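Asks: A structural model of the following input is requested.
(2 chains, ligands or ions: 5)
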Amino acid sequence: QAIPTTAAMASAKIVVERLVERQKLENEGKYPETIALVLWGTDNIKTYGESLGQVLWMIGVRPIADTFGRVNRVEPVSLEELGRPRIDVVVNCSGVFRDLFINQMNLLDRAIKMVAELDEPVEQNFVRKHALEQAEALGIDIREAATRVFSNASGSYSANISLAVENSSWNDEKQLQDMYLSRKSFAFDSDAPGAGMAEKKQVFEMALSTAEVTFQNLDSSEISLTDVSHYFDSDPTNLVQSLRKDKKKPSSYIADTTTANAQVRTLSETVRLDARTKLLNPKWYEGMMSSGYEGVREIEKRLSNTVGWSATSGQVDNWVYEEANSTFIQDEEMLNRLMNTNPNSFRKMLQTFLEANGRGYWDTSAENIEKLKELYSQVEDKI
Amino acid sequence: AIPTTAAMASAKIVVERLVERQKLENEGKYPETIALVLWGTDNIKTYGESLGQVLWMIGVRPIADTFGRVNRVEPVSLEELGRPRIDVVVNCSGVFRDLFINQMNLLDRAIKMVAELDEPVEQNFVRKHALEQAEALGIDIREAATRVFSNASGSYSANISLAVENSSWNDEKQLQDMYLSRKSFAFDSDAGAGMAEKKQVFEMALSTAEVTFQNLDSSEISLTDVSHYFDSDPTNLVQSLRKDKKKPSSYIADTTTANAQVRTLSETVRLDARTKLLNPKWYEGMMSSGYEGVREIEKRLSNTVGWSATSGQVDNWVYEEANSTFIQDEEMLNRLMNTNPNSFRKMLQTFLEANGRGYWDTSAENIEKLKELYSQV
Ligand SMILES: [Mg+2]
Ligand SMILES: [Mg+2]
Ligand SMILES: [Mg+2]
Ligand SMILES: [Mg+2]
Ligand SMILES: [Mg+2]
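Replies: Numbers count the residues shown, from 1 in each chain, chains lettered A, B, ... in the order given. Ligands and ions are numbered 1, 2, ... in the order given. Sure, structure below:
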């Protein structure tokens, strides 16, 4: 179809410039070699391909509309125009993106392979730098090594990490990560259309191991990172870390497209802003308390989604949980209101606090943990 | 006479900069425990500044008698302090121990005194922790409030710098076990009876640490000019002892300036690399100094690996830029080989070691090149 449109590309350029600028600034003026990112299908419908267009800017290509107005090829941007190296990308497409944007997965894969093959210095073309190394490691052609457009298999959705977090059914982060790798390692191949979304787990792991940055786009005024579970479910931050030889956590960012000028913030900063707007905001939680039974369920879900981000990124700082404990548990007026309003959901909140502590996401006093366990025993006797 | 009134005053400024930095990162929550190192020569030179910093952290003032002898403390009231008393794990160097046994006694007595104050636990983190530790260990609160540690009499260092020099270590756990074995000797002002191993309390106190801290005068001796600073760095040690495996925030107070600037350890590493290992003015001057100059480059790289092993705070680009600078700025390889093949071989082992141990992530071609160079060397 027509995407990304000229308008989408103009917005995309600005966001990518801001992301790269911030990363270069935080890391001794150095460009990141690979950005691991997520593309959401509904987003790209609404914006006519803005986040898709961001990938094109990262690698330094521009979309070209044909005589019928359809975007089905790209042309490389010159290194002089780009003004920096081409940055490699691991493109984690959501299941909805895959269902709705086959032609654009084709566009992206073709674009990335074409970039890999440009006769350019590897220090100016990180797609080629990595694809050459991966081709040598695996003994495959450079175009095969330059596979970056991934998703769930046809008919599958999510990493099932939000499902595991909801059920508290998992033992360690490695289990969540192994599930992400098993579920989201299906690749599009524009050189072999008839193959569908085909498993390329070795290349997926190698490409992820090169990532120095993780990135998603959100409109926080519409749907915040904790309003839903799907954003943490697809977050590749800890996954990348676990695949790197150095076990270095990549720098994590979120582009917030609330305002016309989209703000690139760290994931940590995004968590902070959201906690101050939602979970720990008196106007929000009192509003929920005024909504009674269902309001308490919303508070419970918010805390659960926060733990989700801990599990996938480690970017929820201790103060979020400590302040949540002070607000909801240590304040007896609120504690009693919660227990009386929705005992079942309050019990789940207690479990979530205890789980955050047990899993190593929240450090707190022995007395605070004892209080939670007392309240658990008490609410179970009530139910 | 140590710490003097002037040393105590200088100390407060640095303590406040440190705690305010961490408080900011914590959205207003003060760090509950700082694990730090005290150096002996430093405290002689400054008349007890870094020792005085510990006294300010816990909120006590040293008191001089009619002979000018600084031989007890009095608590600063919580109201006058205006923030919580911060718990401290005081890792005294062996030289500090040799010079300042009386001050180790003073400090232990001060910390035990603070632990027993009738104060809110959220305003007195020494007491907060000591109460939990007394219960867990089945000991009295004063015994639980043991925080002043060193090497055993006649011993020095964690032997970590020795291990790093010889590459005679399996993993970070081995280094950490050595630190725990060597540096868990506690001074007991209630016992006079010499030193005693207090490994259980040491581990528990370290496990509460949220910050690590040392004072350096980077204009005189940088963190890589010598090996003793990384040898005593408790950063990864603390992390390993925590249930949550959270790395404490690591800082260095640089006393180059009139009032020390508090920087992250990672920033301190970055500044030093730009000043030394990766500074053309430095390494070419080393090259001009013959055999010994190459040995200095080798040692500098080794000390950098030391900091990786103890803290994880050496950014990848340090090793990457070192490779760009020393390896394959074409003549460089051969010059190192020709000026000092023994040291050049050690540099190759070090680069390969940094990659092998997961401290340096780089291109497969960079690794291959280092291999080829080694074979040639
Ligand atoms: Mg979009
Ligand atoms: Mg999906
Ligand atoms: Mg000093
Ligand atoms: Mg020593
Ligand atoms: Mg700093």
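Asks: contacts, neighbours, all on C-alpha from now
Replies: OK.
Asks: Residue A:377 - how many residues pack around it?
Replies: Residue A:377 has 11 neighbouring residues, counting by other C-alpha atoms under 10 Å in any protein chain shown.
Asks: Could you measure from it over to ligand 1?
Replies: Per C-alpha to the ion, to the nearest Å, residue A:377 is found 47 Å from ligand 1.
Asks: Show me what the helix or strand hosting that residue is in contact with.
Replies: In this assignment (DSSP states H and E), residue A:377 forms part of helix A:366-382. Helix A:366-382 is contacted by residues A:329, A:339, A:343, A:347, A:350-351, A:353-354, B:132 when judged by C-alpha atoms under 8 Å, 6 or more residues apart in numbering or on different chains.
Asks: can you list those residues in TSV and add distance to ligand 4 and secondary structure?
Replies: Output for the contacts of helix A:366-382, formatted as TSV (distance: C-alpha to the ion, whole Å; DSSP: H, G, I helix; E, B strand; the rest coil):
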residue	distance to ligand 4	secondary structure
A:329	46	helix
A:339	55	helix
A:343	57	helix
A:347	51	helix
A:350	46	helix
A:351	46	helix
A:353	42	helix
A:354	41	helix
B:132	30	helix
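Asks: farthest pair in those?
Replies: Within these, A:343 and B:132 form the most distant pair, 30.9 Å apart (C-alpha to C-alpha).
Asks: circling back: would you mind putting the CA coordinates of the helix holding residue A:377 into CSV?
Replies: Presented in CSV, the C-alpha positions along helix A:366-382 are these (Å, rounded to 0.1, in the frame of the first residue of the first chain):
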residue,chain,number,x,y,z
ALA,A,366,11.9,-7.8,57.2
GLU,A,367,9.0,-6.1,59.0
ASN,A,368,7.4,-5.0,55.7
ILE,A,369,7.5,-8.6,54.4
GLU,A,370,6.1,-9.9,57.8
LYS,A,371,3.2,-7.4,57.5
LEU,A,372,2.4,-8.6,54.0
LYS,A,373,2.4,-12.2,55.2
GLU,A,374,0.2,-11.3,58.2
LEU,A,375,-2.3,-9.6,56.0
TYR,A,376,-2.3,-12.5,53.6
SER,A,377,-3.2,-14.9,56.4
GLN,A,378,-5.9,-12.4,57.6
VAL,A,379,-7.5,-11.9,54.1
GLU,A,380,-7.6,-15.7,53.5
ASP,A,381,-9.4,-16.1,56.8
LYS,A,382,-11.9,-13.4,55.6
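Asks: Go ahead and confirm residue A:183 touches residue A:159.
Replies: Yes: under the criterion of C-alpha atoms under 8 Å, residue A:183 makes contact with residue A:159 at 6.0 Å.
Asks: Find the residues that touch each one of the two.
Replies: Contacts common to residue A:183 and residue A:159, judged by C-alpha under 8 Å, 6+ apart, are residue A:152.
Asks: Who has more neighbours out of those two?
Replies: Legend: neighbour count by other C-alpha under 10 Å for residue A:183 and residue A:159, higher for residue A:159 (25 against 19).
Asks: got a list of what the more buried one touches?
Replies: Residues near residue A:159 by C-alpha under 8 Å, 6+ apart: A:152, A:179-180, A:183-184, A:233-234.
Asks: residues contacting residue A:321?
Replies: A:353, A:362.
Asks: likewise residue A:204?
Replies: Neighbours of residue A:204 in contact, by C-alpha under 8 Å, 6+ apart: A:147-148, A:150, A:181, A:185.
Asks: Dump the contacts of residue A:159 to a markdown table, plus distance to ligand 1.
Replies: Listed next are these as a markdown table, based on distance: C-alpha to the ion, whole Å:
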| residue | distance to ligand 1 |
| --- | --- |
| A:152 | 19 |
| A:179 | 26 |
| A:180 | 22 |
| A:183 | 23 |
| A:184 | 20 |
| A:233 | 18 |
| A:234 | 15 |
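Asks: Narrow those to those that are buried.
Replies: Among the contacts of residue A:159, the ones that count as buried by 16 or more other C-alpha atoms under 10 Å in any protein chain shown are A:152, A:180, A:183-184, A:233-234.
Asks: contacts with ligand 5 among these, please.
Replies: Among the buried ones among the contacts of residue A:159, not one lies near ligand 5 by C-alpha under 5 Å from the ion.
Asks: Identify the residue of chain A closest to ligand 5, quick one.
Replies: Going by C-alpha to the ion, ligand 5 is nearest to residue A:26 of chain A, at 11.5 Å.
Asks: distance of that residue from ligand 1?
Replies: Distance, residue A:26 to ligand 1, by C-alpha to the ion: 25 Å.
Asks: again, but for residue A:217
Replies: Per C-alpha to the ion, residue A:217 is found 7 Å from ligand 1.
Asks: Over to residue A:161?
Replies: Distance of residue A:161 to ligand 1, given as C-alpha to the ion: 23 Å.
Asks: Just give me the neighbour total for that residue.
Replies: Count around residue A:161 with other C-alpha under 10 Å applied: 27.
Asks: Report the contact partners of the residue nearest to it when sequence neighbours are not counted.
Replies: Setting aside the residues directly before and after it, residue A:161 is nearest to residue A:233 in space (C-alpha to C-alpha, 6 or more residues apart in numbering or on different chains), at 5.2 Å. Residues in contact with residue A:233, defined by C-alpha under 8 Å, 6+ apart, are A:158-162, A:308, A:312.
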